[PDB]
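Down below is the structure, laid out as structure tokens.
Just so you know, all these numbers are worked out from the coordinates, no wet-lab data involved. When we count neighbours, we look across all protein chains shown, and the Cβ atoms used for this are built from the backbone with ideal geometry, even at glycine.
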Amino acid sequence: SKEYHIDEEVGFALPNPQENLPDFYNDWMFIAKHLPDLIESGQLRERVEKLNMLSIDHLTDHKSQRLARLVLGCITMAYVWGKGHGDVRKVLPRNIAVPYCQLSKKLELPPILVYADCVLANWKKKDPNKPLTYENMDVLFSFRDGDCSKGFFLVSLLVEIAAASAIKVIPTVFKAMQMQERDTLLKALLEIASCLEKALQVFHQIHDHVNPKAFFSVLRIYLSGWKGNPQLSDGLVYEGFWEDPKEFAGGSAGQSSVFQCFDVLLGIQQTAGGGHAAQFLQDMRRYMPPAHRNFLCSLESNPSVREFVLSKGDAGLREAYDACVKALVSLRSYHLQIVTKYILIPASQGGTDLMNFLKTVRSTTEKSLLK
Amino acid sequence: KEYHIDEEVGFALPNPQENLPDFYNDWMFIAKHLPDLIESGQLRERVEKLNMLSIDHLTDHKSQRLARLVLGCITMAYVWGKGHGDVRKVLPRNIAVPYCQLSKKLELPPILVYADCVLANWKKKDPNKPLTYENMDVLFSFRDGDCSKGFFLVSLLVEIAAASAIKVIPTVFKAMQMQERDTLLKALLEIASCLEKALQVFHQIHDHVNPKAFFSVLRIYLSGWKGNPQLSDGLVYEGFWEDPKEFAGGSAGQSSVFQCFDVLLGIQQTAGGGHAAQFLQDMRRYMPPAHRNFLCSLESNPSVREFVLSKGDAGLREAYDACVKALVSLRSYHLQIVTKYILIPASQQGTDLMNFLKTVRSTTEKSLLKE
Ligand code: HEM
Ligand code: HEM
Ligand SMILES: Nc1ccc(Cl)cc1-c1ncn[nH]1
Ligand SMILES: Nc1ccc(Cl)cc1-c1ncn[nH]1
Ligand SMILES: Nc1ccc(Cl)cc1-c1ncn[nH]1
Ligand SMILES: Nc1ccc(Cl)cc1-c1ncn[nH]1
């Protein structure tokens with residue numbers, strides 16, 4: 001595509017993100033890399049309260065401003081959720097609060113671990129001269145041992161890389177519509193469908209590397225935020241930045257541009273209506289990087305691929321379009337079954353509005369089939 | 001460009017349609033005699049006796065904007081009735097279905113919206129005269145003595161005064177990239193000139209609106225059903241949705257030209273998770289699609305604010321500040337209007353309203369070039 005910071009190889013992810021900061025900031029990363037055994041010992045909160053306020057004026061490139069936001073975001077999650085059994089810190093220490101916020105609002109992100117931090121900037125290749133498989137990859141940061149966070153972040157990133165392969169044929173879709181290149185558009189839409197289809201096969205790998213009683217009971221709590229949470233009723237205080245507490249939702253895959261872009265490409269207005277789902281997905285855009293909003297906004301301001309394919313009466317076109325929407329329905333319906341496996345049944349051993357929420361998005365997707 | 005802009009009237013609808021196809025005479029009669037039907041108590045009767053008219057005989061965009069305006073005023077008149085408290089909670093099928101079908105086609109919620117009752121609700125008496133209050137009028141009003149002509153036309157007149165600055169928005173972004181310091185100064189000054197002229201047109205609101213008529217009559221018919229005690233969980237659109245849906249009443253926050261200058265001047269009115277940032281973002285779902293595409297696409301370009309901040313140019317900075325100073329004066333003068341037309345009439349039988357508008361103005365003066 002364009003300078004929207006989209007890689008041809010990994011798409012919206014950060015290509016080969018940085019693992020080490022300037023040693024100026026080694027006080028920070030010492031904490032982050034040893035979080036699994038700093039939380040167990042009741043000494044993570046104390047060592048955070050010890051650190052003195054470092055300045056953000058020495059983050060040179062963009063790749064280490066991201067790495068900094070990941071470290072500062074992972075510490076912030078570990079500090080406020082503690083061991084994970086209902087002990088909550090409602091005020092973030094001053095000497096890490098204002099470094100987190102000063103950086104965050106220079107990348108136009110909210111001061112909390114978002115999807116682009118802990119997934120897109122949170123990976124590396126085992127052998128740098130090797131492909132992109134679950135074997136040859138490893139996550140840079142985890143919360144506590146045995147939380148399956150390496151499985152969760154990676155297979156989510158792997159299908160992100162899988163679907164993002166279709167991003168570089170989006171410009172083909174829009175210009176085939178402009179020059180009336182029917183055959184090109186048809187092949188373009190078919191290629192998009194093959195990517196969303198194989199992004200579902202990569203999505204099967206979650207049964208192998210994430211365990212339900214693990215995800216629900218440890219990794220869920222560290223990825224929660226302080227927006228509409230009874231544990232942090234009025235939000236979290238960023239000491240020294242805002243005197244009042246600020247609310248921010250936790251990390252979500254709805255904060256991925258790849259996963260929202262195909263809905264606006266195919267003309268599925270998932271943001272239309274006053275529904276809680278249409279509202280959530282819109283709010284989650286301000287939790288995406290700025291170049292990633294501008295890409296979704298630019299897709300919105302293009303002629304509807306749907307209404308174009310609708311007007312042609314082309315049974316070939318209308319099947320290639322229906323192929324893409326069937327791939328999103330299958331993904332969302334298979335995604336519904338794992339929510340039964342990884343939230344519903346673990347919670348058994350309120351929560352019914354979650355399935356309604358997701359079924360709302362699936363139904364709107366499935367109500368966009370042409371024929 | 002293609003954002004459906006007008007050289008003279010801007011984001012307003014250029015010379016809207018005054019009549020619909022005689023197929024829809026059943027609708028047009030109810031809208032054109034809205035005060036008489038409500039005054040006699042026979043409006044809800046003639047709406048229930050309506051047959052379902054297919055929206056298919058509405059081809060032109062202008063004939064669809066007129067129908068949205070007609071159906072919207074009838075809808076507002078049906079729900080509120082006499083406006084004294086006896087509200088209807090179910091919108092009859094024979095108007096709810098054509099309403100929602102048309103709203104779907106135009107990507108707007110099924111409720112009366114600024115783009116209907118201001119941008120599409122006006123007429124030029126003499127085509128050879130200028131766009132002045134004595135040359136213009138409205139198409140549809142709610143009650144007798146509701147001062148609908150004043151409120152809508154003063155707003156529409158202000159919208160045109162500010163839209164005269166939209167044509168130099170590409171000049172500002174052209175000059176920033178080609179590094180043309182002179183024309184960027186001239187362009188910024190021209191923007192500040194138009195905004196200060198809009199404040200002068202805004203003064204007419206004292207002449208054609210009176211506080212009692214607005215607060216007691218017109219304000220009622222603009223109220224929606226989102227977060228309202230009288231319609232707890234929305235409105236029934238019979239035959240189109242099994243469940244009631246919530247939607248917000250009309251607001252000038254639904255106007256793009258009033259949100260765009262904040263976006264242009266780098267004044268992030270939408271950053272953070274505050275109520276004000278949320279409300280203004282929520283209102284973009286109430287603007288025409290091409291109008292809300294223009295807002296976020298302005299967010300894509302490099303920020304005019306940080307560019308002026310780097311150039312250490314007492315000329316540039318004084319010109320950039322002049323625009324921000326014009327917004328702060330418009331927003332502060334608007335607060336004197338609110339207390340006259342809402343707060344004071346409330347005191348002859350509120351705060352969260354003021355604290356929103358104070359927060360929005362406070363965010364603008366934070367953008368004054370001293371930080
Ligand atoms: C244990 C595994 C998973 C669980 C329990 C789960 C659960 C959920 C929940 C609760 C939501 C509601 C929105 C929110 O609360 O953030 C959601 C939405 C969503 N999830 Fe997941 N999820 C899982 C794995 C994944 C993965 C691996 C992906 C993609 C790589 C994904 C993609 C999405 C998307 C795109 C949405 C937005 C709604 C939509 O697009 O239909 N999920 N999921
Ligand atoms: C009787 C006269 C008026 C009253 C009582 C009034 C009241 C209000 C209210 C209640 C809001 C908050 C938004 C909402 O609650 O929906 C608001 C905001 C706003 N008003 Fe008005 N209004 C009046 C006239 C006007 C006019 C003629 C304009 C024309 C430009 C205008 C421009 C705006 C704008 C742009 C906002 C959005 C907030 C902002 O941009 O700062 N108002 N006003
Ligand atoms: N796949 C994910 C990866 C990272 C984060 Cl922070 C959240 C998710 C997710 N949110 C909803 N479902 N899955
Ligand atoms: N919308 C989605 C919902 C759930 C899952 Cl698992 C994936 C997607 C998606 N994949 C590509 N685009 N969107
Ligand atoms: N000026 C307006 C014109 C039409 C409608 Cl529906 C609302 C407003 C307004 N809302 C808040 N302030 N002004
Ligand atoms: N932001 C505003 C708030 C209140 C009023 Cl009355 C006008 C404006 C405005 N006019 C042109 N741009 N902005």
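A few notes on this one:
- Remark: for residue pairs B:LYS124/B:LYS197; A:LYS227/B:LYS105; B:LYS149/B:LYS197, the C-alpha separation exceeds 23 Å in A:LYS227/B:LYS105.
- Fraction in percent of alpha-carbon pairs per bin - 5 Å, the range A:1-142: 2, 9, 18, 22, 20, 13, 9, 5, 2, 0
- Peptides B:154-162, B:357-365 ordered by packing proxy, namely the average of other Cβ atoms within 10 Å per residue, highest first: B:154-162, B:357-365.
- Label-point separation in nm, B:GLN204 to B:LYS1, each point 7 Å along Cα→Cβ: 3.4
- Taking all C-alpha pairs of the range B:127-213, those more than 16 Å from each other amount to 62 percent.
- In the protein assembly as shown, the alpha-carbon atoms span a convex hull of 179 Å³ per residue.
- Alpha-carbon centroids, the range A:1-34 and the range B:130-166: separation in whole Å: 53
- Cα gyration tensor shape of the range B:260-371, rounded if a/c is under 1.5, else prolate or oblate by comparing a/b with b/c: oblate
- Shown for the range A:291-371: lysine pairs separated by 8 or more places, or found on different chains, whose C-alpha atoms are under 14 Å apart, numbering 4.
- Whole-Hz couplings from phi, Karplus 6.51/-1.76/1.60, listed for the range B:97-105; x for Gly and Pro: 6, x, 4, 5, 5, 6, 4, 4, 5
- Working note: Cα atoms of chain A, range along each principal axis, descending, whole Å: 68, 47, 41.
- CD proxy at 222 nm, helix term only [per DSSP H run n ≥ 4: -39500 (n - 2.57); per residue of chain B; nearest 500]: -15500 deg cm²/dmol
- Prolate/oblate/rounded label for the range A:170-268 (Cα gyration tensor, a/c 1.5): oblate
- Isotropic mean projected area of the C-alpha convex hull, the range A:1-41 (nm²): 4.5
- Between the range A:174-208 and the range B:248-299, the C-alpha centres lie 33 angstrom from each other.
- The ranking of A:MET77, B:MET176 by Cβ neighbour count inside 10 Å, starting from the fewest, reads B:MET176, A:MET77.
- Kirkwood radius, the range B:18-72, all distinct C-alpha pairs, inverse of mean reciprocal distance: 11.8 Å.
- Taking a ≥ b ≥ c as the square roots of the eigenvalues of the Cα gyration tensor, the range B:102-167 is oblate, since a/c reaches 1.5 or more and a/b is not larger than b/c.
- Shielding of peptide B:292-301 by partners, expressed as the average count of other chain Cβ atoms within 10 Å per residue Cβ, is 4.
- Take every DSSP beta bridge whose two residues both sit in the protein assembly as shown; close to 70 percent of them are antiparallel.
- Arranged from fewest to most other beta-carbon atoms within 10 Å of their beta carbon, A:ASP283, B:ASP86 become B:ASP86, A:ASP283.
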